[PDB]
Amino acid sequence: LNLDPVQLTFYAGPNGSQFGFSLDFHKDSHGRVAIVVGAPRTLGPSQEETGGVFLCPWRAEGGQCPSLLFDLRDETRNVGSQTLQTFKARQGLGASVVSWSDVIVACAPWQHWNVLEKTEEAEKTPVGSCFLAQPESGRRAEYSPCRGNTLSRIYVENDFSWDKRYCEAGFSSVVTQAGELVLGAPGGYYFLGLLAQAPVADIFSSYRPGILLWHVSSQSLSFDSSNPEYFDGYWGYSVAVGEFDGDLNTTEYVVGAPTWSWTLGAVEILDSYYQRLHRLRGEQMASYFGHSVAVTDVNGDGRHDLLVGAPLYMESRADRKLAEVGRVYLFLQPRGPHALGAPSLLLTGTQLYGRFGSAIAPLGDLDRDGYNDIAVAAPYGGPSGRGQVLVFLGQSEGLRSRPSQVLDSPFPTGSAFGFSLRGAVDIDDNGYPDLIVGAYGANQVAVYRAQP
C-alpha cells in the first residue's frame, strides 16, 4: 500500500555482469542490514566470466558495492590414483545468494567437475558448488555435494542410477532458522532433480581447501526414482521452507518441479527426511508451475500459506484464443491434520508475455494492519513491457485480487525488473519492512522503502 516509488535507491554492478540476478538481505552481528547481490556473469581477475558476489551497505544514495571475494582459481588434486578437477569458468557464481545469521551462501550452479583415471573419466559435468562466507571473520568454506569419483563406464553398467554429475547444486537455495542449508539441484539423478541439505556449521567445520572430495557426515540427499512422472521434472528448480504438518519441532520443505510429469509441473511439500506430505499439480502444460514458490501466512491465522507461480500460463480468451500472461496460485493452510486443498485464489497476469508470477516475495506486514503481504513480479509486464512488480495485501479471506500498488520498472527494456525480489526486512530502521528488486539485464537493484 505504501512503498515509496519516487524516492528509489539504485545499486549498480559492472556491465554484462547480471548484477541483481539474485539478492538477499544480510544482517551482521551488530544488527546492521546490508544487501547481498549475486552477479553471475561478472568477469574474474583473468577476464574470463566466473560470476561474483557483492555486499552492499545501506545508503539512500546507493551506488557501487564492494566485492565479497571468493577463490576463483581452478583446482587439481592427484590422489588415490585419480585426478580430481574443478572448473570455475562460466560457473555463474551468484546465480543464487542466500543469507543466514552471519553467513552468506553464494552458489555457482554451472561450476564443472571431472575425475580422470588413466584413459577414462567421470565426464566434465556441471555438478554445481556453493561458496560459504562469514564476512566479519573472513572464514570461507565450500559445499559441493554432487561431486563424485565414479568413472563413466560404471554409470553405463548400472543404467545411470544415482547419477549426480549434472546436479547444478545451488541452482536454488534456502536456509532454515536452525541453520540447515537446503540446495535445489534440478539436474540431479539424470535431470529428475534432487535436494541436498547439511547444517551450515558442519559445512564450515568439515571443509579444508584443496581436498575437493570430502565428507559432510550430517548431510542428507533426496532420492532417485524410476517413476517416469519425475523424469526431466527439474525437481529443485525452486525451493522454500515452512511449517505445514502442525509439529513445530519439525520443518517442512517446499520443492518446485516445473516440468514434472511431461511438463505438467508440480510443487511438493515434504518433511525433512524427503517424504512427500502433499503434491500440488500444475493446471496447464508448459506453464512452468513451480518456477517460483513462496511461503507466508497471509490470512492471519498463524498457519503458513503457500504461493506457487506459473509464469508461462496461457489464459483463455474470446474465440478459443490463448494468451500467455502468467499465473500465481494461493493455497491457504487449513486447521488440524488436513492437506492443502484447491487454490483459495488465482492471480492471473494481464500483459502478454509478462511472465506474471516469475517471482513471489513475502513482504511481511507492509502496512502493519495485522496481515502479511506479498509482492509478485511480472518481469516483462506493464504496457511497455519494461517490467512490473505488484503488491498484494493480506486479509482474513486470503489476498485481494486487485493489487494495492503497482511498481513500474525505472530501467530500460530487457532489464528483467522483478526477476528477483526480497522483502520482510526493515533496511532503514523506520519500523516498516522494505522491498529490494533486481534488474539483472540492467545490472542494477532498486530499493523501495515503506512509509507511514
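One rule holds for the numbers: they count along the sequence shown, beginning at 1. Definition used throughout: the rigid core is the maximal C-alpha set that superposes within 1.5 Å between two forms.
Looking at 335 to 343 and 188 to 196, the one farther from the shown form in 8 other deposited structures of this protein by average CA distance, after a rigid core fit, turns out to be 335 to 343. Of the two segments, 343 to 351 and 213 to 221, the one listed with the higher mean B-factor is 343 to 351 (C-alpha atoms only).
The mean Cα B-factor in the deposited entry runs higher for 322 to 330 than for the other of 176 to 184 and 322 to 330. The maximum CA B-factor among the listed residues 358, 96, 227, 206, taken from the PDB record, is found at 358. The PDB entry gives the largest Cα B-factor of the residues 395, 42, 47, 64 to 395. When the modelled residues of the chain are ordered by their C-alpha B factor, residue 70 lands in the lowest third. In this PDB entry, residue 362 carries a Cα temperature factor that places it within the middle third of its chain's modelled residues. Compared with the other modelled residues of the chain, the Cα B-factor recorded for residue 190 ranks in the lowest third.
Among the modelled residues of its chain, residue 248 has a C-alpha B-factor that falls in the highest third, as given in the PDB entry. In this PDB entry, the Cα temperature factor of residue 81 sits in the bottom third of its chain's modelled residues, the lowest group.
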